[PDB]
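Residue numbers (this note's numbering), protein chains in the order written: chain A, 1 to 208; chain B, 209 to 276; chain C, 277 to 381; chain D, 382 to 538. Even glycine gets a Cβ: it sits at the ideal position worked out from N, Cα and C. So the structure is just underneath, and the comments pick up after that.
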Amino acid sequence: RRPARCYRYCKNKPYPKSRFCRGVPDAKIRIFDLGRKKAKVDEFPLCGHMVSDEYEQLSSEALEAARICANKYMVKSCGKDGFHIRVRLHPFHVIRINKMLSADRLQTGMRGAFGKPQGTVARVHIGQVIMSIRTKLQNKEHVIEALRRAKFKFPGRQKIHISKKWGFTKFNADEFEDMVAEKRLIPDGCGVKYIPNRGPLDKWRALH
Amino acid sequence: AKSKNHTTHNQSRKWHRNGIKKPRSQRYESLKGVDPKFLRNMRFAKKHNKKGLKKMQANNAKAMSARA
Amino acid sequence: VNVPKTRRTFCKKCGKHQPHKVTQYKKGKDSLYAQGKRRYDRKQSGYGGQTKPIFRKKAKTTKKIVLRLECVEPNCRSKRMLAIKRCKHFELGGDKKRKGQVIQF
Amino acid sequence: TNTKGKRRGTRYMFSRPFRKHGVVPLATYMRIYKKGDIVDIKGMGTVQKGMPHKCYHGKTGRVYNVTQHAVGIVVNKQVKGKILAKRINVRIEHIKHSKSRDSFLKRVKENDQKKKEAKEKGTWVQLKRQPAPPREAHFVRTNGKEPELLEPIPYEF
RNA sequence: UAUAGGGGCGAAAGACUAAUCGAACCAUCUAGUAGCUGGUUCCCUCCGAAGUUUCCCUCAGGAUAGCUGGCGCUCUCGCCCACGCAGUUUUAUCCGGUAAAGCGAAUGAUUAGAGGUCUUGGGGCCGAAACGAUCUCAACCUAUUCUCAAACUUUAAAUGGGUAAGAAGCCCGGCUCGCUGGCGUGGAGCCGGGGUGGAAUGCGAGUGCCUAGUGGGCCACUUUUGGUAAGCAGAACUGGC
RNA sequence: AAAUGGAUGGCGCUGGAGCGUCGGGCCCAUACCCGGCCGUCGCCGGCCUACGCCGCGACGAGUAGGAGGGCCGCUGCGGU
RNA sequence: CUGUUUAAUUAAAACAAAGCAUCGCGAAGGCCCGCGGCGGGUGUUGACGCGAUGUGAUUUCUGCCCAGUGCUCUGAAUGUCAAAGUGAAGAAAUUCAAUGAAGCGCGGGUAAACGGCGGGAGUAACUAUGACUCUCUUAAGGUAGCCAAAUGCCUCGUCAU
RNA sequence: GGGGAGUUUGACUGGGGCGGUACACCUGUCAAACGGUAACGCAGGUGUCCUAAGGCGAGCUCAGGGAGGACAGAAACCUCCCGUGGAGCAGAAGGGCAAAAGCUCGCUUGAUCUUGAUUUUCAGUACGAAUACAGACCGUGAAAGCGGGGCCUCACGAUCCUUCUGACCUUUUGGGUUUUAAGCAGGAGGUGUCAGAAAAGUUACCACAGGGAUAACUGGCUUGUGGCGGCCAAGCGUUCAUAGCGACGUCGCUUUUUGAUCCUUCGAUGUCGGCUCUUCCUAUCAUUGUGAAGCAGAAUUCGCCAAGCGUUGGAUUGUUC
RNA sequence: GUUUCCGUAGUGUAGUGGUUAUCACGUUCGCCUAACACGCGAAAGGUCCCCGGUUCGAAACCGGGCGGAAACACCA
RNA sequence: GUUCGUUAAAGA
RNA sequence: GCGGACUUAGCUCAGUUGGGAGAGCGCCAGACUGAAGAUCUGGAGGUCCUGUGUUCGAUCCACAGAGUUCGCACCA
RNA sequence: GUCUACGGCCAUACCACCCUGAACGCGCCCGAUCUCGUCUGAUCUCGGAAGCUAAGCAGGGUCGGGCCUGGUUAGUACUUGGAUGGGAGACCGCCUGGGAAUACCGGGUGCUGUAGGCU
Ligand SMILES: [Mg+2]
Ligand SMILES: [Mg+2]
Ligand SMILES: [Mg+2]
Ligand SMILES: [Mg+2]
Ligand SMILES: [Mg+2]
Ligand SMILES: [Mg+2]
Ligand SMILES: [Mg+2]
Ligand SMILES: [Mg+2]
Ligand SMILES: [Mg+2]
Ligand SMILES: [Mg+2]
Ligand SMILES: [Mg+2]
Ligand SMILES: [Mg+2]
Ligand SMILES: [Mg+2]
Ligand SMILES: [Mg+2]
Ligand SMILES: [Mg+2]
Ligand SMILES: [Mg+2]
Ligand SMILES: [Mg+2]
Ligand SMILES: [Mg+2]
Ligand SMILES: [Mg+2]
Ligand SMILES: [Mg+2]
Ligand SMILES: [Mg+2]
Ligand SMILES: [Mg+2]
Ligand SMILES: [Mg+2]
Ligand SMILES: [Mg+2]
Ligand SMILES: [Mg+2]
Ligand SMILES: [Mg+2]
Ligand SMILES: [Mg+2]
Ligand SMILES: [Mg+2]
Ligand SMILES: [Mg+2]
Ligand SMILES: [Mg+2]
Ligand SMILES: [Mg+2]
Ligand SMILES: [Mg+2]
Ligand SMILES: [Mg+2]
Ligand SMILES: [Mg+2]
Ligand SMILES: [Mg+2]
Ligand SMILES: [Mg+2]
Ligand SMILES: [Mg+2]
Ligand SMILES: [Mg+2]
Ligand SMILES: [Mg+2]
Ligand SMILES: [Mg+2]
Ligand SMILES: [Mg+2]
Ligand SMILES: [Mg+2]
Ligand SMILES: [Mg+2]
Ligand SMILES: [Mg+2]
Ligand SMILES: [Mg+2]
Ligand SMILES: [Mg+2]
Ligand SMILES: [Mg+2]
Ligand SMILES: [Mg+2]
Ligand SMILES: [Mg+2]
Ligand SMILES: [Mg+2]
Ligand SMILES: [Mg+2]
Ligand SMILES: [Mg+2]
Ligand SMILES: [Mg+2]
Ligand SMILES: [Mg+2]
Ligand SMILES: [Mg+2]
Ligand SMILES: [Zn+2]
């Protein structure tokens, strides 16, 4: 395990797991939701998300350790089924390793300098959301403290923002309680379906 | 003993030492490459132009000098 | 590959498409008292060893198959050559194939 | 070392873009290609016979020879030494006209009509194509409403 | 006294053979050849590079092209308008597939929830058993949703490349054709005539011969390849050494 | 936290001689403008060594290399 | 063992040595020199001799393989095999056919000639180790002896002194 | 027939050798929206195959899925419907193709002979490949037209010599006949190091001309690796995170190890270890002064100011260790 | 570390020139034998290392991993 | 004029 | 490239002055035997390397080709 | 206001479903003896004309799916040229110019040439 000081800010083209790699090991993270997975939309009002500031690469093992720390603080603060955390970031970039000493000079110089697939990292743009936690109205400070504990574990400098939107949907929390009851938005599990007016009339007949 | 293999550095500056020249002028353009059936048309047409253009163009020149 | 026995190809004597017996071109035995053969024997005779170079590093495994085309028509007897691309196996004139046949290996 | 064959960089250039895969239209054929016509070169992946080369795509040439079902075009290609007039035989499907020469002939016909009108009526017409002039001292109008005050908005993430 | 140089002698070390021996000494061929080190002799004036394409048993070299110098020749101006050119812009006309963006759009990956009942696979109930009825689960489908792709793409920049901006261009009339063909139809060539004020800016242009040196490069902003990174190795434009 | 004793150049500097924003002056390079002189080049003047004599204007750096001039120099030869 | 050796970096575990053996040769011969001769050394010599070899006193020993590379012997019994010769075609150059000396191959011998000597799995009343037995394989499968040696990477192997 | 003689031991290469062909030709990317544009860059290929898998004409539509129909089941055959390339086009990919360039059927060799032009790498040279033509003989189709190989992008080769094919060809030397030989034009035999010499190894007995264009010492950049610290804290510490520790992640320092490059040194910088000897640093082993402990005392552990002074004798190994 | 070769029932293997589960042993059942070993007739035991691509059809042809076996790792 | 191996301590 | 040899049963061999299949080791079923070995009887298994031509009829006649081996010679 | 034959533009013109169609015209249709080719007059050919607009076809509609066009996204992501601008770097900000796309919303869904016939 090489340190994260040698795998850092972006310098190469994205090299994903595809037909051409064929040698990448499995990533460290596999799951992304840890809280109440089958939660509805009206259960947890607010959400806080974690905004990056530096155009950097985040490793899957750092994502693993951060989601474990955030899950532990959430189950200590608001208990089981009192939160819903989602890691928005997904690792796809595959770094390469040029290992040597396999204490002698007599194995290989820089003869074939192409790297075997070592691990999986994720390129992060400036302003791209790392994690997002939706909770109750009374759990405002606990999301801030959980993302603060994850801030010391992610590299680089990044900020926090409690979103104006109602959870994971792209609609505003002020217009949510005024607009989901009258006409448009119908809950679809944890997601929200937005219906336009350019539909067949049978959908409006099935509604109301 | 590895050396620098290939580059195009310091090439456009050598090109614009002399002001890269279009051929820019061929009055009565080159004729080779054109269709041989069209050449069999054109050569016989030119030599019969040399043969039989005299009297009809002469009378037409007389007619246009009489009119204008 | 496969070529047929007969083929109606343009022969240069009569100027028409006439059928041709197609045979395999023999390489031909070299004749003594040729120009280069007499020169090579005169140059080789004497204490000089091998004078002209002898080829060793052969790399191609196939040869270009060329066909001797003879005019079938009487008293013409025009012969010429037609070259084909390189092939490993070369059937002479038989064993044509068909699509609807069972494999039965 | 790039193995310079024929069309080694043409994954996108000799392709039909979108909703155009199929048979060729016949108005590409039904055109008048004579000598001296200034034409453009645009490669087609449908007819794999007489595409010129990957270098001559998008270029513009002059017609010197016309045959049964193709055409001959001279093209000024730039190489390392100097630009060269090169004689290419390109089929009809790869070639369209150029509207720039047609617009120039329209401008020449308009200049001839204005010159005939000038000789008829004694009017100095200024038939030269002047570029975009600087704007004159024009006059504005602001009646009914005061000009709207604008200030930059605060930063909200 | 005998063994004299690819010879001699050697209880063998390739040791000795006149201070030289894994081939003695002297002279001649011979001033052997070297793509390889070193050097190459007075002044002033003018012009002034390159470490690049391709080829070679080619990689310390050479040939060719490019860059350069010299020698000229053909013209143009000096006495309302000239011939022409441009590492430039503009006016029109085409060309591209990168940046970006998207995958509730084809291909490849990938996350989670919801609904539906076609289907088989695993549990449970009514119970001799029964697609006789039903709870649960998997797969599938539907509408969503998370995140991407140098070898993905509906769309699509900036930058960039070509062409035209006239007298070599238009219009009219007529001959020739063995090309073509309903037609004096079409197309090319030839002949005669009419009017040159047809974007901006700058510049006086075209062309022939001979030849040296060069063929080890490096650095800097920006775009990048490999590498953890390098005063590392390798590319693009421009500039400098 | 690093091996000789040393580095905003040192000396020193705290109401600055530090930091960030700037105002008015001041100093110079072979850079720029004017002027004197040399040379090269372009155009040109005169029936005064015509290979000489003047006139105007613009520029002069440079290794490898290439030209022109030398009333620079050494040795010898024929005229003088 | 005494002796000799790299004069001018080695004195030896190197060379030589007696002993053990092997092969060629009966003189128109073996091993060699010579540009040349029936010229010379061995040879003023004759198998207890000459010439070329491996090992290196004494004692006890000389395991097994001719598959390969060598060496040697044999039969024109038989394939291949060059000049010269024979026959045929023709005007001749030329062509063709059989005839086939050495050598190679076919057959035999030789290892005190060059050389070579195996990797698998299951098995005995605790566990292990494992004579025995099945199987692939070679030409033969390391025998008598000896050992981490001047020969063993791991290795500063383990035990005892 | 190495007893003796002459000659050779390819090239690229993050030193050479070994490994590999990046040595000849293709596909996509690198490639920065004309084109060109590098590395022992990435992912994959080629030295073949086809008398049809060529050319023409006609007919049909593919892969997959749904519903059915005895034996028939997940897959045997037939029918109805949906079915934009999701199949197939000889092979590695890219482009292109639906009354088609795909499948089936009927004839045919245009995969024929000949002279020029152009494109491709390019020096605007060649080879190979390709394009539009032109002149003969043709094939198919009712005709239009299409075809001088493969739907396109690669699948291949100079001088000299040999062989074969053609003219009712030329010369065979003072003149005739015949054989032979030479030539003319185009097909083949091959230069894979693929624009082409005919080629094994060692030198620690080595020699010469050169190179720091080029390795082995140090020194220089970097710190992968080694060593030494810090950050948030799930847990260890009987209870109790931070007395002492600290998993998962993460930020740094050093050149006391090792690695990477070749910047200097090849007309020489004497290359390990030990002895002796001087100076310096602290990341402190002890001593001086201190703080904290799960510090009762004793003995320890963790930190601070701190390099002033000490930091052994020996059996082994050349040893560093 | 580099280059080749191998992976098939409990064991060692044969076998692709694409289309069986093949051989001897190991186990079980039955026979003869007073009873064993031996002998005989059968039966059972396969993911042909794993995952993908090519094809009507793969263990086979190819690619990526795994677990092994050989050769080299030299000059200072 | 071929081959047949094993059969516990004893058997009071 | 020239000359010459061998291609047969599951295995190893025989077979022209051609009328076309044999021997041994293997296999099966009996007999003999207290049981095995030997022995005796009766069957199974040859596509005789492939194709063409002569013949009324080719393993044995001739030609061509396909695997293995032995010499010989080398201007592409 | 239309249709038929040949078309040009190639989805503003395709796909699913529901209505309308007076007169020509297009068709479904009625049968194999000749031309014709199939297992089958199903397909292709041959001489029609008893019905029908049920289907093909021509129109209209679907708060239709797609297509095109226009706002929003957005002077935002990007980008030519510049600085002794910031920052340890990662990048970011400014001068001068150019300036894209999806979700969101609104509008359309055929235009025509030649030749011929019906109200
Ligand atoms: Mg170079
Ligand atoms: Mg001789
Ligand atoms: Mg591209
Ligand atoms: Mg010695
Ligand atoms: Mg020696
Ligand atoms: Mg001496
Ligand atoms: Mg020597
Ligand atoms: Mg000598
Ligand atoms: Mg000399
Ligand atoms: Mg000399
Ligand atoms: Mg070179
Ligand atoms: Mg040099
Ligand atoms: Mg030159
Ligand atoms: Mg010049
Ligand atoms: Mg000049
Ligand atoms: Mg992008
Ligand atoms: Mg010179
Ligand atoms: Mg560099
Ligand atoms: Mg400078
Ligand atoms: Mg100071
Ligand atoms: Mg200040
Ligand atoms: Mg000067
Ligand atoms: Mg000594
Ligand atoms: Mg002895
Ligand atoms: Mg004798
Ligand atoms: Mg022995
Ligand atoms: Mg023998
Ligand atoms: Mg046991
Ligand atoms: Mg032993
Ligand atoms: Mg020799
Ligand atoms: Mg080399
Ligand atoms: Mg570009
Ligand atoms: Mg490009
Ligand atoms: Mg259908
Ligand atoms: Mg393809
Ligand atoms: Mg495709
Ligand atoms: Mg067709
Ligand atoms: Mg023709
Ligand atoms: Mg070459
Ligand atoms: Mg030594
Ligand atoms: Mg480390
Ligand atoms: Mg260097
Ligand atoms: Mg170095
Ligand atoms: Mg370098
Ligand atoms: Mg010194
Ligand atoms: Mg001290
Ligand atoms: Mg026993
Ligand atoms: Mg009938
Ligand atoms: Mg019939
Ligand atoms: Mg009918
Ligand atoms: Mg109806
Ligand atoms: Mg209808
Ligand atoms: Mg409609
Ligand atoms: Mg709609
Ligand atoms: Mg910029
Ligand atoms: Zn003929």
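Under 8 Å between C-beta atoms of residue i and residue j
i      : j      : result
A/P91  : A/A122 : yes
C/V348 : C/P295 : yes
A/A150 : A/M74  : no
C/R344 : C/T282 : no
A/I133 : A/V124 : no
Option nearest residue i by Cα separation, candidates the options
i      : options                           : result
A/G112 : A/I97, A/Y7, A/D104 and A/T120    : A/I97
D/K401 : D/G426, D/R388, D/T382 and D/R522 : D/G426
D/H478 : D/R443, D/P533 and D/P512         : D/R443
A/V192 : A/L201, A/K136, A/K170 and A/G199 : A/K170
A/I160 : A/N172, A/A62 and A/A146          : A/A146
Reduced DSSP secondary structure (H/G/I, E/B, other) of residue i
i      : result
A/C78  : coil
C/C287 : coil
D/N446 : strand
B/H214 : coil
For residue j and residue i, believed in contact at Cβ under 8 Å, the rounded distance
i      : j      : result
A/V94  : A/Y15  : 5 Å
C/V277 : C/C352 : The Cβ separation is near 28 Å, so there is no contact.
D/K416 : D/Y445 : 6 Å
A/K140 : A/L34  : Not a contact, Cβ separation roughly 19 Å.
D/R472 : D/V428 : 6 Å
Endpoints, alpha helix (DSSP H) assigned at residue i
i      : result
C/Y316 : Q311 to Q320
B/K258 : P244 to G260
Delimiting residues of the beta strand (DSSP E) encompassing residue i
i     : result
A/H84 : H84 to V87
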